[PDB]
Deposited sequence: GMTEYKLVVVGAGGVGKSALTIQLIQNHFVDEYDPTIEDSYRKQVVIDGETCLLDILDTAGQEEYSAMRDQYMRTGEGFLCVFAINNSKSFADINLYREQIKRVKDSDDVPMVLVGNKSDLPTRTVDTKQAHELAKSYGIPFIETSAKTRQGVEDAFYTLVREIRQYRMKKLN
């Protein structure tokens, strides 16, 4: 089967662990150790293709997992303006490490269930447009958009390999 190495990046507290646990274990984790960096495997069928996902949940970071990673979920929280601005730091570090401007990535606006929005969908669509990448809103709490974010990332890696 086809293997895909995904990296979940973003500021502390955006929901990287909650998003990873929601996809892997189908449950919402309200308090996961913020310093723990782990990897998870999941066998899934995406567009009729049996895939093995090797997902790294980062805890922030180093050029090494950026070298290994084939696709990046760049996560910010819709109630945290600083986490949205932090996206560019990850983008630029990934770009330098990979020596490329077309690295598979998806911009994720997590905590979409929260009414305390400080990042508008237009700000985020403008950011995603500038990078030339998809923008997906998610809620690791309700599961809304979780599969769409991770599977769009797989589809992006598949497209990149295909050219």
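- Absence of C-alpha coordinates is noted for several segments of the deposited sequence, namely 1, 62-67, 171-173.
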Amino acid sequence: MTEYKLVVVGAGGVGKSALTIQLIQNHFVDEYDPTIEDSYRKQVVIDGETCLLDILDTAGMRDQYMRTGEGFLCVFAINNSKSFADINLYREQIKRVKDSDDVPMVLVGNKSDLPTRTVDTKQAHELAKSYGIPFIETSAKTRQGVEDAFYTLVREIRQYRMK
From here on, numbers count along this sequence of modelled residues.
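- Between 129-137 and 61-69, the higher mean Cα B-factor belongs to 61-69.
- Of the two segments, 50-58 and 30-38, the one listed with the higher mean B-factor is 30-38 (C-alpha atoms only).
- Across the residues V97, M105, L114, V108, the deposited record lists the maximum Cα B factor for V97.
- When the CA B factors of the chain's modelled residues are split into thirds, the value for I21 lands in the highest one.
- Compared with the other modelled residues of the chain, the Cα B-factor recorded for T118 ranks in the lowest third.
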